[PDB]
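Consider the single chain below, provided in structure tokens and representing the form deposited in one PDB entry.
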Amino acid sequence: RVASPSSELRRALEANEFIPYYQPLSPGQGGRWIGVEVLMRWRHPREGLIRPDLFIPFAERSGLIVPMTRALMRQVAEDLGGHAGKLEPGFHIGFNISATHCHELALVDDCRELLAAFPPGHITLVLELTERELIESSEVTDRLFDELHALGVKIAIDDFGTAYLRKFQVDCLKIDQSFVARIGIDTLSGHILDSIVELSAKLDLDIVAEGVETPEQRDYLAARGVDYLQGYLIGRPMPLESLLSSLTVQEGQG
């Protein structure tokens, strides 16, 4: 017999094969990067550097998604806490969190630990949860979000648009790529996007647009006060080495 996907993931976790890639966040009006989104990559020993996408569902059912995320959080602290000079005060670091992680208070501890790797207030830690994940967690989010907020951690709604809004105290809305993709393709698409942006402003929330690929999209978004942009226009997820190099180039002109 052969070991299941979840068992293979466990072996990979114990051998430290899950590693962070870093996708840059840019201001809406341009300028130096203001943060990164952390992506999970698997340097598979015999199948090379990959995305564990097909494996994520298995990690969710087993629970292993939580310790996988923790291992990423620790590797980020190791990677970036020793280059905090290349990081402007306030630099955002965003993680994709799972619903399971919101049980008990482990997430508080995990964030404390990451924050301790940088000077107090030096980075802004952003935890990203989908609408679905927040609804799955509604019994715990009142207290959990209070403890995380107390530490200066922010909560973003991931893939937004993909009455419960009054059930959760969040900091940021991330506009799903599907909406950005349709900028210009038809007038309507836009109205709906305009409504999401305007809803952010009503609620005093920051806004990130995902999937920013063209200058037309960027300009449309920036004209409406979108705070932050992510997507191939700004940069693909990159290894640490490439991130530090780019950050060097940017201090270099500032």
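Note that residue numbering follows the sequence shown and begins at 1. Throughout, rigid core stands for the largest set of C-alpha atoms superposing within 1.5 Å between the two forms.
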Is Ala163 a gap in at least one third of the other compared entries? yes
When you step from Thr162 to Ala163 in this entry, do you jump over none, 1 to 3, 4 to 9, or 10 or more residues of the deposited sequence that have no coordinates? 4 to 9
Ranked by mean Cα B-factor in the entry, 43 to 51 and 25 to 33, top stretch is 43 to 51
Tell me which stretch has the larger mean Cα B-factor in this entry, 242 to 250 or 228 to 236. 242 to 250
Which of these, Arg61, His191, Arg70, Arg218, has its C-alpha atom at the highest B-factor, as the entry lists it? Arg61
Among the candidates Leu199, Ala222, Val66, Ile56, give the one with the maximum CA B-factor reported in the record. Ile56
Entry-reported C-alpha B-factor of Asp206 relative to its chain, by third, is lowest
Check where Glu139 lands among this chain's C-alpha B-factors and tell me if it's the lowest, middle or highest third. highest
Which third of the chain does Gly81 land in by C-alpha B-factor: lowest, middle or highest? highest
Chain-relative C-alpha B factor for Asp146 (record values, thirds): the middle
Of the three thirds of Cα B-factor ranks in this chain, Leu107 occupies the middle
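There is also a form deposited in another entry; it is not shown, and the following applies to it.
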Out of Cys111, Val140, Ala84, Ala99, I need the residue that shifts by 2 angstroms or more at the Cα between the shown form and the other one, core superposed. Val140
Align both forms on the core first, then report whether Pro52 has a C-alpha shift of 2 Å or more between the shown form and the other one. yes
Threshold 2 Å Cα movement between the shown form and the other one for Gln169, core superposed: yes
Any idea whether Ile175 and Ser138 get closer or farther by CA distance in the other entry, knowing it moves 3 angstroms or more? farther
Work out whether the Cα atoms of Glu8 and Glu136 come closer together or move farther apart in the other entry than they are in this form, the change being 3 angstroms or more. farther
